[PDB]
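Dropping the structure in here first, questions after.
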């Protein structure tokens, strides 16, 4: 099985609170390093996702604030396949691409 | 018209920053999830998220029906339901390894004492 | 059924009358929720101290009570993990759900296990603090006191030690005695945020709780720790703090008619704490095979170590970490005084690699302090003056550490060896340099396919000088050199940096491609 | 000396662009020539 | 000087506390004696 | 629908809502100095002696999101705060226990119960009627079924053997409502501001009852996350006050704590638009009368609820003042959803009253003769101040340290709860420096990166470092002379002197002593002024110009004016 070894590498993170989320499901074509902007307290990660079923390229940004959120964000590499649920953040009004916060995510590498 | 849209956006940004920095409800903090033949295959087969992505809608509906969960006309809803079902451990709560006594190796073929008489 | 009647209610104690075989600390039930413990008793009556309080239950003279005939035993439930409980087991804040099935019931005054059940302390306990892990080591089964003034960082040090067990399979128990509920909720939030909530319990007795609850909270915590130890688990217990426990015991004894002794404390205040802290240690395979590590906290007044309770507690534990107010005012965090701090276990509590790495650093630190306080004239002895003024300042820069920052044991050892080999001479008080080095080493030893094996080798076996030199020269130094030259501009012209890193292999071509692939800033071979 | 918040943002951007230039300079300092055949 | 002050203050405080409790323990002799009598009789 | 939206508002509500009216800059340019000053005083920003600066201050206050929110809500139908978990009043009972006094002493009376419909509970109140006057006795110890001991809450004159007493088997209760604002009472609810004793209209609540369904409810709290703005340069820059925490005011006698307390009351009522509760424990009669009169004069009396346990009252009555104040604050937060700033003075007297009550009831004294339940009582008082979904309860408590002995058990008990300590110095006051707050000794837990910016932390750290270094160098200057310093040391000393004198500020309440009008300085203005001074920009100005000003520009303007006059004079 090609996907047999991918099961042992699953990493799942979730929140027990339920908000309105944007669901992304696909491969990570390109992911950059992390930037610290709000007084070196947050983490900014630009993501390029090739979705599933349409194979279109979308660009998003991810924000991390806690230690566990940064740990979950650090698991995303190139060619990683993700089922990510992201809460929209109101800072996208000053951004070219939307800024999101990880609510639930499942990561396989 | 009293409050401009730009100032409302700034207030939203500040309130979101405050809600992220200081959290009152502990359900808002990310949690890491802990991770005869035919019944075993039914109850133990594990699929990857990419594998379920490569699936068709009918196959995912059939898999949801086989495990007795809801069937949806959407691809993403089916994938999400299957992932939540398989990743959520019914008995394990990531707090049971702390309750498991350590295993010390045991004799499988031990001598038995004489019968008391 | 009820067999006792309340006769008097004074001094916050209840005077039950009835004919029964009372025993010390026997639970007496006044309702299904409220119960107390027997302190003193005779052939016709007893004096009881309540542990609970109920709004709908109005205890009064003539009320009925049942003497259950059993000693005070705390029950163990599965949902203790990731929860705040009180001394009777009720879950004040919970993350999971209970099953109403008691895994065990532990007597609170369980006598300490005898000498033949013990073992030597030889396995490190990671506290996440470089100075503590390298100069003041803590072993699994040790009793280390954190003693100091108010607002100096004792609780921060204990929480840091309790955060470093994120991936070590060591249970955490935090007993709060007269603490504020705001701070306890904040600690719960920090536990959840740092991924150790599923591994930790918090026993709480607030400052306005019943005096019996505040007195018996540490014993209940120790009973839970003993339950966990009996199945071969390493338990780390923090008591915050034992001065409040001494005050609670004094109040309970004074209100019960016991005569005051030195400083108004009862006459047996030393026994109360010794019989409590002697329940920790390392036990043999036939008696559980686990360990219990205790980190009691004590508060001094303006540096007065010679206080009654602080000197009682120093003469019980295996060393002390003393937090200085002068260093805290000067801005040093964590403000730990190395001169007044001891660890009687010593290198016996360190791993072989850490013992090799941190050998003879306290002497160099004391020499540096002696030179700094007594430089006197501008006349200089030799280059050894610069040697000391360099290595001591490098060590002092290594001392500083952010709050809630966990620095791994092997990362600390590697930093010590780099310092001792002169690979930190270029430092001129640029915190980002050490931050980069620490992050690179941490990621390399945690995630790299070959770095993970290197870390396992460092943890298990004791390597010699030649093998360590090969390890440093052929993997660690190229990675450090590339990741330093790409972030610090002044390192291009720093004469010491070229003097030390000239012959190191250049690895920019591969680390570039690793960065462009989204890899972390320490992977050098691949992810395991 | 002390700085304003805007000056802190400017300093952050200056450091990021400095690191980019350091990236280029690290390749430049490796005095290399294309392999010939 | 710190050493001497600590020693002296400890001594004085302990003496004061014991002397204060002396009155309380004197005033409750009769209850103790009656309890001793009734325990001696007992069953 | 103006008629409909105004139909949901009472006339007093409209009067209050006239404050949150938006004024355009075109209109604002047309006002005069007198109208601008009236607007500033109404909005709590303090007097201004310049036109454009006053307009800028008014615009900055108006452009704030909270002010705009209030102004926008003021033109809408009234929305009522729905109280979740309100305070429930006491239940209606009858006098069910009857008895009489059988033993008398100083402050302690024994009661023998004759006719009881139910067994007596701890802490219940027995009422006695002597010469038409009502005396309350709180129960302490229940010796047996029909014999209890009690201590007086008030005055013990008129009690004697055989005085009949009756009880409802309930603890003491007081009448609480919104009408408590503007009135002065004692812990048990007796009127203290007029001889005819006009009653307070409200419901009877028991301050000793917390009304919690379970103990777990006491752990549903929100840890402090916000900083209260006071308008005082030193407090804002160096010692941020938590919102929902506790700040201690420490010092000897005459350092100036009460003036700071009055200034904070005024600033919270006017600028922050809230409700203030004052709880005087062991309050001197002269000081209480003076503070009441100046509260009436300065205009913050109608929004303040005063509780006074006077110095001459029995220790039992003095002990209950803090509990009554806490109960009033809990009512004003839970029942009305208003943030409350509770003031306590003096905590040392609360501890002393507790010790007195413990000693009177024949309990074994603890170390230094204090009560065995010292820390327990301090926790009981301080644990009901917190921050919940309904609002914030901020506490600012003044303490007296005897002989500057910070190791006294009362002080050690108090520091266990303080979230920010402000320590006053008698030497600094004697130098004429006011508010005479010691910046080096004091510290706040809220001066971190979790709550403040990088700029604020850097400015605070640099200020403290400069002040400590100049304090060190002043001794060298005094001994060896100002010439012995190096070139950098002279600049450091001058910057430190100007920094120290810039921290002084005139208060709007302290106009009685020096006659100088007060000022209100925002956090940004103080930060900018300190940033200007730290760089050495104003190093060409004599130090005497930096004393008792509001903002950095006032010194520059005064120096320029003096230089112009000097140039014209010759």
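All chains are identified by letter, namely A, B, C, D, E and F, in their written order; residue positions are counted from 1 within each chain.
Operating definition for what follows: a residue touches a chain if its C-beta (ideal position, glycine included) is under 8 Å from a C-beta of that chain, and two chains touch if they have at least 3 such contacts.
A.B. asks: Steps needed, at minimum, to get from subunit B to subunit C via touching chains?
C.D. replies: Minimal hop count between subunit B and subunit C: 1.
A.B. asks: Centre-to-centre on C-alpha atoms, which chain is most distant from subunit E?
C.D. replies: Most remote chain from subunit E, centroid-wise, comes out as D.
A.B. asks: Report the pair of chains linked by the most C-beta pairs in contact.
C.D. replies: Most contacting pair of chains: C-F.
A.B. asks: Taking each chain's centre as the mean position of its Cα atoms, how many Å separate subunit A from subunit E?
C.D. replies: Computed value for the inter-centroid distance: 70 Å.
A.B. asks: Distance from the CA centroid of subunit C to that of subunit F, rounded to the nearest Å?
C.D. replies: Taking the average C-alpha coordinate of subunit C and of subunit F, the gap between them is 38 Å.
A.B. asks: Counting in whole Å, what is the centre-to-centre distance of subunit A and subunit F, each centre being its mean C-alpha position?
C.D. replies: Between these chains, centre-to-centre, one finds 47 Å.
A.B. asks: Distance between subunit D and subunit F based on Cα centroids, please, to the nearest Å.
C.D. replies: One centre to the other, that is 53 Å.
A.B. asks: Multi-chain contacts in subunit A: which residues touch at least two other chains?
C.D. replies: Subunit A, residues with two or more chain partners: 39, 41, 66, 68.
A.B. asks: Could you list which residues of subunit F touch at least two other chains?
C.D. replies: Residues 223, 364-365, 367, 453-454 of subunit F each touch two or more of the other chains.
A.B. asks: Residues of subunit E that touch two or more other chains: which are they?
C.D. replies: 13, 17, 20-21
A.B. asks: Going by the contact rule at the top, pick out the subunit E residues touching subunit C in the complex.
C.D. replies: 3, 6, 10, 13-14, 17-18, 20-21, 25, 35, 39, 42
A.B. asks: Quick one: which bits of subunit D touch subunit C in the complex? Just the residue numbers, please.
C.D. replies: 18-19, 22-23, 25-27, 29-30
A.B. asks: Mind pulling up the subunit D residues that touch subunit F in the complex?
C.D. replies: 1-5, 8
A.B. asks: Please name which positions on subunit A make contact with subunit F in the complex.
C.D. replies: Going through subunit A, the ones touching subunit F are 39-41.
A.B. asks: Mind pulling up the subunit C residues that touch subunit E in the complex?
C.D. replies: Subunit C reaches subunit E through residues 42-43, 259-264, 304, 306, 308.
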